[PDB]
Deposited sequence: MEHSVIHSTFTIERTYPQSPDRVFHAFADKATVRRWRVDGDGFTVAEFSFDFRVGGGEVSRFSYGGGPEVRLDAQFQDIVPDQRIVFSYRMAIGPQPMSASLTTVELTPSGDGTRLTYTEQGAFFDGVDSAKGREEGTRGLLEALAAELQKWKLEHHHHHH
């Protein structure tokens, strides 16, 4: 009933190599450990035109529906995808996400439309730092 457009770019670095950094956004299993608490349906197809449907809830709460579609893929360098999140019957937002990693200095960019989200994103990267060595 009202849209707010914001673009926030957050930067974070990783002593691990770029291929590894990219691996954390490419591999199906690797992404399940850290979701990009039951999980109903879940699909992944890491290619252009490929999707990433994801239905889930927290402690019996309402279900969060995530639908993403990969727009542009540059092996070990760039990942561009759009996605929408809903928690209702209640669309939360839709955004275009760019994740670049030059040799690592991953540069996370999110151009979104909201029907705030930034701080959580810096966190999603602080977590990236987590499973960053779990191997």
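A.B. asks: Which ranges of the deposited chain go unmodelled, in order along the sequence?
C.D. replies: Those parts of the chain that were deposited but carry no coordinates are 1-2, 39-42, 110-113, 126-132, 153-161.
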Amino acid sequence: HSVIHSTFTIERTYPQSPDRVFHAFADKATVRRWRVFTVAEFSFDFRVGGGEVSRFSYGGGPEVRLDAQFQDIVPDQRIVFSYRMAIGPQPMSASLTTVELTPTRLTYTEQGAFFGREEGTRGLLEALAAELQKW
From here on, numbers count along this sequence of modelled residues.
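A.B. asks: Look over 49-57 and 91-99 in the entry and identify the one with the greater average Cα temperature factor.
C.D. replies: Going by the record's values, the stretch with the higher mean is 49-57.
A.B. asks: Quick check: 70-78 versus 27-35, which has the larger average CA B-factor in the record?
C.D. replies: Taking the mean B-factor of the alpha carbons in each, 27-35 is higher.
A.B. asks: State the tercile, meaning the lowest, middle or highest third, of residue 13 with respect to the CA B-factors recorded for its chain.
C.D. replies: Its C-alpha B-factor belongs to the highest third of this chain's values.
A.B. asks: What third of the chain, by the recorded C-alpha B-factor, contains residue 127?
C.D. replies: Ranked within chain, residue 127 CA B lands in the middle tercile.
A.B. asks: Among all modelled residues of this chain, ranked by Cα B factor, put residue 40 in the bottom, middle or top third, i.e. lowest, middle or highest.
C.D. replies: CA B-factor rank for residue 40: highest third.
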